[PDB]
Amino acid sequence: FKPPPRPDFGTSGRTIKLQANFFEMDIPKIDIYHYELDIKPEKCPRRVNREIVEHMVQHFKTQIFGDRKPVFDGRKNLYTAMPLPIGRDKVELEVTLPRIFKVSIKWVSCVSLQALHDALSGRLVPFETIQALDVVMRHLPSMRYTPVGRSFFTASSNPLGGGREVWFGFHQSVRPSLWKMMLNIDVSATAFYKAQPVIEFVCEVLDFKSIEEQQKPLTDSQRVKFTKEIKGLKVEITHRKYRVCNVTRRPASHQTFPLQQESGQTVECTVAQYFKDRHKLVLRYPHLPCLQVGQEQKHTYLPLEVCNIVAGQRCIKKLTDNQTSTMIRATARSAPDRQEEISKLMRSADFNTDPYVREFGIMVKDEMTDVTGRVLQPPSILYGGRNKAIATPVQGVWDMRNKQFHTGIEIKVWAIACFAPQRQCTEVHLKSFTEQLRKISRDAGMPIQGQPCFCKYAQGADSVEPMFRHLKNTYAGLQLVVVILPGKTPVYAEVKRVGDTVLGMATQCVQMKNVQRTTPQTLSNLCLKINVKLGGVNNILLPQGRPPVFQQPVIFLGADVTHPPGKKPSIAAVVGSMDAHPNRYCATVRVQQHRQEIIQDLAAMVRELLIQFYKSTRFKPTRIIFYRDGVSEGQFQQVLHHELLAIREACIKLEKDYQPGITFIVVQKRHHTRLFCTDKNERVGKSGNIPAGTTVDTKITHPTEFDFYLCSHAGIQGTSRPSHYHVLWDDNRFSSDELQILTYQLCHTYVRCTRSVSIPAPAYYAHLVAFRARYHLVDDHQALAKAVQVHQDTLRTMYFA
């Protein structure tokens, strides 16, 4: 129900000077006065509400507001530094924008900043005081810029193509820490739609240099693709803003709507004819479809050539792989560069001269908060083979030179299925690919003996299943099927569907480009995946170098939900460790309500995993460590309540007497906390990021509760994101050190690479499982749940790697 208090502060690891993008706030101990606004109409967007309030204050300066500078959240909440002269009697006013709005205002409450001050000093926090402050800090930026969630953006020019742009901006949030309010400031970038004529948008989306080419009506594929892009976007009439709900199938010349004549009789009129009569405009592109806008009942159709994409619309739909890359490149920058850009932003913002921030007596320090971090020692990684070598991670990285798998699978029989045309992937490549792959495999401790028992070409996803059917029936003890692919193909989804859910055969895909040109590291990394799919153990944590939680049987869980890019379900995935290393993880997966973050059927999934744990280890875990992927800030209270109880329920419906301690940990990567090295000698790599294993549980952390930051990974590009961990529940009474080290060591058990990853393997695996479930669904609730279900032989292994 309520999160546990911080048990202690960590002492493990060597100290390191850090700077966080948290700026200390000096806040008065006054009382803010909270007024409620009811504006009619009641569903105008926040910007309209803000200008209504802006004009309202200036208009009623004489008798109401005077010299005061109130702040406003854009909805119903308005705050003042000192009380307005109306006591508590509601007041009805009328505001005029260039049209009329009835605005009532009644005093509702006071917000004590003193109540916050001591909430920051024991007294185990008022969310409403934090919200009031938040409204003060972001009142001026809300008028000045384009707000998006907790961020602000403006147009600077930076195209991603396909009618999209990169706008730069910043995140802003007011955050509690011990003995201070903090202002979290980070630079940000996000995708926006270009403000352009829809015609040009059609060109960029359909790759037209000129609308003049394509002088004919769109194909069906052209049309609906254009539909998916513009659908839901707002357009404006050059001639009034509208919401596009659909694109017509018919061209403007033949698309019709019911038009009532003066006789009262309605007749079907074409869009082209209507615009010719009513607006005296002859359509230049009548062969193109129309935009359906507003309520569908209204039959409102707009020609493309009279519409512009409305400025300031953030792109939410998934970017193409190239759009993503261009965005990554344009936004990525080293830790020092980011640290400087934040500084510039602080100078530029200049919060101390902000009238509203001044009005409420607030002050913001221009220096980044100094924080002492602790670089935890990494675990040793025990390999096997003849050598039994131990790897010592350096900078969150290690390798397999002169090392062999803990338990390497001795592969004897295996097949190859190449879906690339031999025109590009001749038998030359396959046999050299095989030769190089085996030498690396020999060295890896997972030796592939003998040439592949089977190697054929094939094409089309239509041929996967029968080809796979053939293989399992004709080759005894067939261990692996190496599939080769061209590029992005639906064959992949089919290969995984048949392989994971139907026949239960281990399949390893690889692209044609990688087939042609093989490097040892790429091959070695490919062997990492292959070995675990066949039930091998690449490596394990050094058993003696483990936290004491492993003293008694324990299961490690990872949970996450992947959401669709309407009417498609979200997919919940929960993985569970099946041994004491811990290496092997069993997956559970559930389809559920569209965009529901809460794992509905979690109790059944935990039950299932506890059974499998017992079946694998003959032990019932005395402790359940639950790493839950990040959740929306309101949803924390919702998630904790349903899912913590679901976990308890699983234990009880298993046995009345079964009651293991649960540790519920939310792991967040989606925040804007950035940590920088104070001393340049501590910078790692070209990106100059903090070293792997850096842990912060002081200064910027929660005043009462048990949370910490842990940057477990090496920062390769841009600025690192230290994963935030928040313990919402802990029966096991973990110390700070043991939990932090446990978490850090679990980040070294990720089998797809010999590096410490940014989150613990369980959480990462959960994401892989949920993501793999999408591909299983590519081909009605009963059917979907079934299509997601994995083959029971496959369920043993980590097929998702």
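Note that the rigid core is defined as the largest set of C-alphas that superpose within 1.5 Å between two forms. In this text, residue numbers run from 1 along the sequence as written.
Problem - Segment of greater CA departure in 6 other deposited structures of this protein, 404 to 412 or 186 to 194, core superposed - result: Once the cores are fitted, 186 to 194 deviates more in 6 other deposited structures of this protein.
Problem - Stretch departing more from the displayed form, 320 to 328 or 701 to 709, Cα RMS in 6 other deposited structures of this protein (core fit) - result: Comparing 320 to 328 with 701 to 709, the larger C-alpha deviation in 6 other deposited structures of this protein belongs to 320 to 328.
Problem - Unresolved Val267 in a third or more of other entries flanked by modelled residues - result: Per the records, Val267 goes unmodelled in at least a third of the other entries.
Problem - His776 not built in a third or more of the other entries - result: No, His776 is modelled in every one of the other compared entries that cover both of its flanks.
Exercise for the section: Report, from the record, the number of residues in the deposited sequence between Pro98 and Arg99 that have no coordinates, as none, 1 to 3, 4 to 9, or 10 or more. Expected result: Count of unmodelled residues in between: 4 to 9.
Practice task
Check the residues of the deposited sequence separating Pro565 from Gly566 and report how many of them have no coordinates, as none, 1 to 3, 4 to 9, or 10 or more.
Solution key: Going from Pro565 to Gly566, the model skips 1 to 3 residues of the deposited sequence.
Problem - Mean temperature factor over C-alpha atoms, higher-scoring stretch between 753 to 761 and 43 to 51 - result: In the deposited entry, the stretch with the higher C-alpha B-factor mean is 43 to 51.
Handout entry: Higher-B stretch (mean Cα B-factor, as the entry records it), 633 to 641 or 164 to 172
Key = It is 633 to 641.
Problem - Deposited CA B-factor, highest of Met182, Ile362, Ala132, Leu124 - result: Across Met182, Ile362, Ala132, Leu124, the entry lists the biggest C-alpha B-factor for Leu124.
Problem - Candidate set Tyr585, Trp107, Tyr285, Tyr627 [ranked by C-alpha B-factor, highest] - result: Comparing C-alpha B-factors across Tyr585, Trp107, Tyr285, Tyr627, the maximum falls on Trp107.
Handout entry: Third assignment of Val549 from its chain's C-alpha B-factors
Key = It belongs to the middle third of the chain when residues are ordered by C-alpha B-factor.
Practice task
Divide the modelled residues of the chain into thirds by Cα B-factor and specify which third, lowest, middle or highest, holds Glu92.
Solution key: For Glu92, whose C-alpha B-factor we compare with every modelled residue in the chain, the answer is the highest third.
Problem - CA B-factor placement of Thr219, once the chain's modelled residues are sorted into thirds - result: For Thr219, whose C-alpha B-factor we compare with every modelled residue in the chain, the answer is the highest third.
Practice task
Using the B-factor values recorded in the entry, state whether the Cα atom of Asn21 falls in the lowest, middle or highest third among the modelled residues of its chain.
Solution key: It falls in the bottom third of the chain.
Practice task
State the tercile, meaning the lowest, middle or highest third, of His776 with respect to the CA B-factors recorded for its chain.
Solution key: CA B-factor rank for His776: middle third.
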